[PDB]
Every structure is written in C-alpha cells, then in structure tokens.
Amino acid sequence: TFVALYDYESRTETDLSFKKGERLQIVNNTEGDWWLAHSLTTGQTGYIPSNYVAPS
Amino acid sequence: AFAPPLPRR
Numbered sequence: 009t010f011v012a013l014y015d016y017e018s019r020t021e022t023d024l025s026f027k028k029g030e031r032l033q034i035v036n037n038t039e040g041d042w043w044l045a046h047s048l049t050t051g052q053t054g055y056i057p058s059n060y061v062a063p064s
Numbered sequence: 071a072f073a074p075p076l077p078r079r
C-alpha cells in the first residue's frame, strides 16, 4: 500500500483527492508522472500523481 | 519544498 505524502488536490472528479495520511493501492505505472491507485475506503478509483505519494 | 505542480499529465 502506498502513502500520500503531499495532499493531492485533483481538479476534476475523475481522480480523487487525498490528504497527507490517506493510503492507496498502486495499480500500475512504475515511472512517468501519473499512477492510478484504488482507495481502500469506498473502493473507488483515484488516479494518484506519481508525485505526492511514496512507498512505505 | 516547492511541491511539483501537476505537470499536465
């Protein structure tokens, strides 16, 4: 499970926003600058930016 | 510091 270091503020409804402390399961994208993770709360999708999170 | 602003995908 990855951890959101910086609060990611999404501008659209597609990618969900997460504050500092929310965890998300990484789906794919090992590099680049935009990965997709699935929150473990409501069980929805949340394109998390490669930046703003870190494996921990 | 200076969080990397969303690089437009």
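Those sequence lines, one after another, are chains C and A. Here the deposited numbering = 1-based position in the first sequence + 8. Here the deposited numbering = 1-based position in the second sequence + 70. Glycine is no exception: its CB is placed at the ideal position from the N, C-alpha and C atoms.
Can you tell me the Cα-Cα spacing of residue i and residue j, whole angstroms?
i: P57 of chain C; j: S64 of chain C; result: 16 Å
i: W42 of chain C; j: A71 of chain A; result: 20 Å
i: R31 of chain C; j: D15 of chain C; result: 11 Å
i: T9 of chain C; j: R19 of chain C; result: 24 Å
i: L24 of chain C; j: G51 of chain C; result: 12 Å
i: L44 of chain C; j: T38 of chain C; result: 10 Å
Does the distance from the C-beta atom of residue i to that of residue j stay below 8 Å?
i: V61 of chain C; j: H46 of chain C; result: no
Exposed or buried, which one is residue i when buried takes at least 16 other CB atoms within 10 Å?
i: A12 of chain C; result: buried
i: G54 of chain C; result: buried
* Give, in chain order, every residue of the stretch 19–42 of chain C whose Cβ lies closer than 7 Å to some Cβ of chain A. => Residues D41 and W42.
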